[PDB]
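Let me begin by presenting the structure, written as structure tokens, before commenting on it.
The values are calculated or read from the model by the stated rules, or taken from the named source; none is laboratory data. Don't worry about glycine lacking a Cβ; one is built from the backbone with ideal geometry, like all the others, and counts go over all protein chains shown.
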Amino acid sequence: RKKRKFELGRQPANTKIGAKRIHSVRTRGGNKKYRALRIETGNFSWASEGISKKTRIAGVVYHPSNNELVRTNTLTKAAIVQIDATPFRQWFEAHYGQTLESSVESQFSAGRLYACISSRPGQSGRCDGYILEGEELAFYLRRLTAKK
Amino acid sequence: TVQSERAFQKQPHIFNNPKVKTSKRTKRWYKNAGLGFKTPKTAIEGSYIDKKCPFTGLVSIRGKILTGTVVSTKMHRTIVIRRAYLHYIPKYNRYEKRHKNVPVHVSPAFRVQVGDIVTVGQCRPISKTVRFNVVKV
Amino acid sequence: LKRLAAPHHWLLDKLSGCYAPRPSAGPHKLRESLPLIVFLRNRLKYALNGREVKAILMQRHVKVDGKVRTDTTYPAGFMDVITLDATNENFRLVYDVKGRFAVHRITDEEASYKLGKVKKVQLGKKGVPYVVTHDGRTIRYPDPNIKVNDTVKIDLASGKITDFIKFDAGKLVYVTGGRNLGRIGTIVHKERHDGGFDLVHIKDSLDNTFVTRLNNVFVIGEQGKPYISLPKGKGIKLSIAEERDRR
Amino acid sequence: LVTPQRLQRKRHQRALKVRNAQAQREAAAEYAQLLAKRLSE
Amino acid sequence: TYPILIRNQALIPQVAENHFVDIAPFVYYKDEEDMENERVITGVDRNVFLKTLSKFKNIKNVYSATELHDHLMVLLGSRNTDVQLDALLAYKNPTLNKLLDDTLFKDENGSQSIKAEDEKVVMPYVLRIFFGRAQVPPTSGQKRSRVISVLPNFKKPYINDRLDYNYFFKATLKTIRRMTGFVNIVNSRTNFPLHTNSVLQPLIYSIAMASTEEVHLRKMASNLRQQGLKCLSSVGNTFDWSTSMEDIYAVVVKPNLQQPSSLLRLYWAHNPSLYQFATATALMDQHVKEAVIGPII
RNA sequence: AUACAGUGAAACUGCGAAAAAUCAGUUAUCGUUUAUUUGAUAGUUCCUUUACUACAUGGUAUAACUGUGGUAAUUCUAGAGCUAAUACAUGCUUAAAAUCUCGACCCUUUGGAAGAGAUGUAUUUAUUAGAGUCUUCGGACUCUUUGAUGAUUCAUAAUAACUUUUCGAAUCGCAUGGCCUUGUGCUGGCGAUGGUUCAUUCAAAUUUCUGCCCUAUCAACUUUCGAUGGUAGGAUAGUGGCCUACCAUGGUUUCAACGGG
């Protein structure tokens, strides 16, 4: 158990969207990990009201460390993705009675929201994101202006 | 100025709710470092991020507490400390002089002056060579 | 099978082959326990050689603190009892004035229980408070006035607690480990640093104010009324030169 | 094959689980009364 | 029987035997024989029309003998895809009978068979079971995300569970139907579903006032869910025709139901309650009475 | 002994064969694994169940074996058919559940209770919590609700989901006992293995600092192909440029860095 070597690495998972595949990988000392390869779905959660749903991810539109990952549509941690917005819209209509915040009510009728990945599906085994709302929504709208 | 990177400066698992309101914008987390080290109000109400702060970040100080003096601040968010301890080997029969150098992680909640005396604590590894952490000047 | 430099308070013979027994995993550490091979082979001499010790272990004659533990390299370390059903014997193994494992012949009504210092009090699962002790008996539902570095009195029929000695300034104490081994008495000073190197200081018949590490000390009971018996005049280490001067 | 032994073993397993749960939920109530008297003092 | 079904799988005269078997399958060892006969029959005209309805029942549910076998659902979906856009719906329903990505993709006969196979393969898989909670939440999410779908779901609930005496005024099947009604009202055709749920709650009340703990827990959960359904809906004719005998039996007991009596009394709700009236007894007979008094006043 | 029973070839299975450079110590793991031993550890798998159900317990897929050969040798082989499980792969666990509140009412309580309500673990997130009198003179009258650490975003509980899935015993040797509804009926012991999580144990892993020869006719070394830091990510049992991007241009040193034996 747990020897040491000098200098090497391994090949990344660098997962995509479409044809979700999960490959298990051997971990020394419990917690047998899972590399997600080309995963197309994810668990996405509202921050304020606190409701998750599994949702088809549409695509990552921003990455803060490599712009080429947005071109290749790579799902790492801390990215900006679009998903569906419809089950969160369904819960919103069902349990608030509004049947529609300002800058997310403007995103509802646009159709797709923005969220942040918090798992590491290259190593963990699943993808989760929470829908950005508040000052995170402010700086990421400024990051949309940094896009345009 | 706070934001200085392509990524948003995140302090995870602690976030405000927009429907509730306070004059803090995030339930800002702070901790006392221990061994009598006391957090300052400038470090508390400073809205700096510092994910490697030993009062508000993720790291916790423990064990060794050394002293030293600042020799340079010519690195981005890391400082270098000197220790010119008095030294004696019996081959010399005299109080000879050496010096010991180390890099120490630094926080944006504290002024830095080349020459003043800093009290430094031991923490987890932070860089390739930075292992310690500033806790108090 | 690495050996021939054992913990030298075991006092095995050096012209006894080459090796020395490896204590397996168990309730105590490596160099502060004493396996039953070293016990029954060169400490009281009931069996000559180690396979005969394996025979008397396999034939269910020996039980450490309640159950049998049919194992040669079983590190039955400090403060437990060994109820040899034949020979009517209750070996409690405690410490001495010099650093060895002194033996007793305990009565049955005292061998029915054992005690030990706790190491932590925690909340385990589903909000259940459980304490540990030094020999790994992580037992649930204490009285929640149990503090760290305190002693409970395990019932040894069940694993329940019958009583505890809430240590503070001034209740009778034992020591274990370090160069001030085997001493008693708890009342001079109570030092508390931040990071160890502290003791409840000791007072004896000669009132020797002594200290060690707080990890190297644990409690017994009230002054003059101890819960455990102690071997050979309740070990003091006055002086051997003064002993040969008086008697 | 269903010999008389195997269902006896299954019966003993089921009664073992129920009896362990019974003793545990007795000890929880005992600690509850102990915390009650520690409150009262 | 198993040998003969194996011979029929090893098989005009086969279609005439299939017509006789269509009679026997419209009527009703039997589980393995039904599996073998379904695997044979998935590989006439009016017997085909009746067998399409029987296979739609077997791909919408496995209600009587078993409870939602996945092999039975696969055999019934293969028979329905052999009987009757269509290719894409068939591939999505086949991946659903194989559930997460299929529900994410499928989030009008194809819609009927889709609600059929979805509530079949997640037809109350268990209580918790470390996956049945997620499966029941997935079925509720699909039923809320797919009005014809909810109408067909209430239609299947009523098809599980005469009606004239059940609207005017089998214990184990009634307990299973009460669990079905609790599971149906567990979701986040309204008049027929309310009539069937009121009939189930009234029959549970009668058989409980006459297994008894099963009927008690099912009637309690069904009454709490009925109060929740009336509070989430908020017609007074069938409302009075349901509430009359229930509150009459709960006349002395009311000294769930009290929260319904306090939620159906706060303008048009006040008219709906004064259509019945008792209320002073509900006020006088504690925070559970204090909130009702200091709201109803 | 018409399932076998103690004996045991062979084989399957289970386990174990893992010249500040080295180190001698020291510090932490509130920065990881925690196999083996030891101690506590878990009622929840079907209820669109009466045209009522695999659990008195369901399925393959093969060794050894039998048979056909090759071959020049044997720790070489190909084909075929059998037959097992703590191997492999599924899988339901019978007052359908069961337990604690509230217990109004009675009858006097140490109750017995009609009905108002709740109930696993694991994985990955996002939160939240986690900080002066009356006095039968006897006592009471409401009191200020939380574990530990020097230190937590710790331990843990709940919340809303996702689980390609986790576990929640399809196992084994000895005795055969108590009951009465005499039925292959209900229950029952000693303890071998396996499994969830926590603690302990040893074992591994880094990491802290104190310490070794001769040198300046040895003073500059390193950013190339990250040399020195930050930020985010990949990874990894794991911190950490260990690597990938963008930013900054550093760091070591004459007290002998760097090189020479």
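A few points about this structure:
- Looking across C:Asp194, C:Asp198, one residue alone is within 14 Å of chain B (Cβ to nearest Cβ) and in a loop (DSSP other than H, G, I, E, B). It is C:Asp194.
- Listed conditions (1) assigned to a loop (DSSP other than H, G, I, E, B); (2) buried (at least 16 other Cβ atoms within 10 Å of the Cβ) are all met by C:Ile220, apart from (1).
- When the strands (runs of 3 or more DSSP E) confined to the stretch C:82-179 are screened for residues that are on the phi < 0 side of the Ramachandran plot and more than 14 Å from every other protein chain (Cβ to nearest Cβ), those reaching at least 3 such residues are found at C:89-95, C:101-103, C:114-117, C:151-154, C:172-175.
- Output for the stretch C:37-90, where each listed residue is farther than 15 Å from C:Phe101 by Cβ and small (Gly, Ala, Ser): C:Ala47, C:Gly50, C:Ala55, C:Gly66, C:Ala86
- For the stretch B:57-77, the tally of residues that are surrounded by 12 or more Cβ atoms within 10 Å (Cβ to Cβ) and either in a strand (DSSP E or B) or β-branched (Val, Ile, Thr) (or both) stands at 10.
- Considering D:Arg38, D:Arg19, the condition of being away from chain C (no Cβ under 11 Å) and either surrounded by 10 or more Cβ atoms within 10 Å (Cβ to Cβ) or not charged (D, E, K, R) (or both) is satisfied by D:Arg19 alone.
- Only listed residue being among the charged types (D, E, K, R), away from RNA strand F (no atom under 13 Å from the Cβ) and surrounded by 13 or more Cβ atoms within 10 Å (Cβ to Cβ), chosen from E:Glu38, E:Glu67: E:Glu38
- Exactly one residue out of D:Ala36, D:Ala27 is assigned to a helix (DSSP H, G or I) and out of contact with any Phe, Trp or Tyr (no Cβ under 6 Å at 6 or more places or on another chain), and it is D:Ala36.
- All positions within the stretch B:3-12 that are loosely packed, with under 14 Cβ neighbours inside 10 Å and more than 10 Å from chain A (Cβ to nearest Cβ): B:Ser4
- Residue match in the stretch A:38-55 (condition: at positive phi and exposed (fewer than 10 other Cβ atoms within 10 Å of the Cβ)): yes
- Residues of the stretch E:90-136 satisfying the condition of being more than 19 Å from A:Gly18 (Cβ to Cβ), within 14 Å of chain A (Cβ to nearest Cβ) and among the charged types (D, E, K, R): E:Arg133
- Residue within the stretch B:26-42 that is under 30 Å from A:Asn67 (Cα atoms) and either among the basic types (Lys, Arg) or within 14 Å of another protein chain (Cβ to nearest Cβ) (or both) present: yes
- When C:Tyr227 is tested against the conditions (1) away from chain B (no Cβ under 14 Å); (2) more than 19 Å from the chain's Cα centre (by Cα); (3) not hydrophobic (A, V, I, L, M, F, W, C), the lone failure is (2).
- Test: residue in the stretch A:23-34 that is surrounded by fewer than 20 Cβ atoms within 10 Å (Cβ to Cβ), in a loop (DSSP other than H, G, I, E, B), within 14 Å of chain B (Cβ to nearest Cβ) and on the phi > 0 side of the Ramachandran plot: no
- Looking only at residues of the stretch B:84-137 that are of a type in the set (A, V, I, L, M), near RNA strand F (Cβ under 10 Å from one of its atoms) and farther than 18 Å from B:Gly63 by Cβ, we find that the one that is nearest to the other protein chains (Cβ to nearest Cβ) is B:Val106.
- Among the residues making up the stretch B:13-25, those that are more than 8 Å from chain A (Cβ to nearest Cβ) and not charged (D, E, K, R) are B:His13, B:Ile14, B:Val20, B:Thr22, B:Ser23.
- Check on E:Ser262, touching a helix residue (DSSP H, G or I) at 6+ places or on another chain (Cβ under 6 Å) and either closer than 25 Å to E:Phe168 by Cβ or outside any helix (DSSP H, G or I) (or both): no
- Count of residues meeting criterion [away from chain A (no Cβ under 14 Å) and part of a loop (DSSP other than H, G, I, E, B)] in the stretch B:43-56: 8
- Of the residues making up the stretch A:64-84, those that are within 12 Å of RNA strand F (Cβ to nearest atom) and within 30 Å of B:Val20 (Cα to Cα) number 5.
- Residue, farthest from RNA strand F (Cβ to nearest atom), within the stretch A:35-63, restricted to residues that are aromatic (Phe, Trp, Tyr) and over 20 Å from A:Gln123 (Cβ atoms): A:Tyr62
- Residue check, C:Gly159 near RNA strand F (Cβ under 9 Å from one of its atoms), touching a strand residue (DSSP E or B) at 6+ places or on another chain (Cβ under 6 Å) and not assigned by CATH to the domain that holds C:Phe39: yes
- Within the stretch B:11-43, being more than 6 Å from RNA strand F (Cβ to nearest atom) and of a type in the set (S, T, N, Q) holds for B:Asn16, B:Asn17, B:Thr22, B:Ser23, B:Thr26, B:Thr39, B:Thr42.
- Residues of the stretch B:60-83 satisfying the condition of being more than 8 Å from RNA strand F (Cβ to nearest atom) and within 14 Å of chain C (Cβ to nearest Cβ): B:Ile65
- Scanning the stretch A:1-34 for residues being near RNA strand F (Cβ under 6 Å from one of its atoms) and within 19 Å of A:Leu75 (Cα to Cα) gives a total of 6.
- Any hit, the stretch E:210-228, residues being within 14 Å of chain A (Cβ to nearest Cβ), more than 8 Å from RNA strand F (Cβ to nearest atom) and on the phi < 0 side of the Ramachandran plot: yes
- Only one entry in E:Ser234, E:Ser242, E:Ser188 is away from RNA strand F (no atom under 16 Å from the Cβ), polar (S, T, N, Q) and either within 14 Å of chain A (Cβ to nearest Cβ) or within 30 Å of A:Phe88 (Cβ to Cβ) (or both), namely E:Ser234.
- Qualifying residue in the stretch B:44-59 (condition: more than 8 Å from RNA strand F (Cβ to nearest atom), hydrophobic (A, V, I, L, M, F, W, C) and in contact with a helix residue (DSSP H, G or I) (Cβ under 9 Å, 6 or more places away or on another chain)): yes
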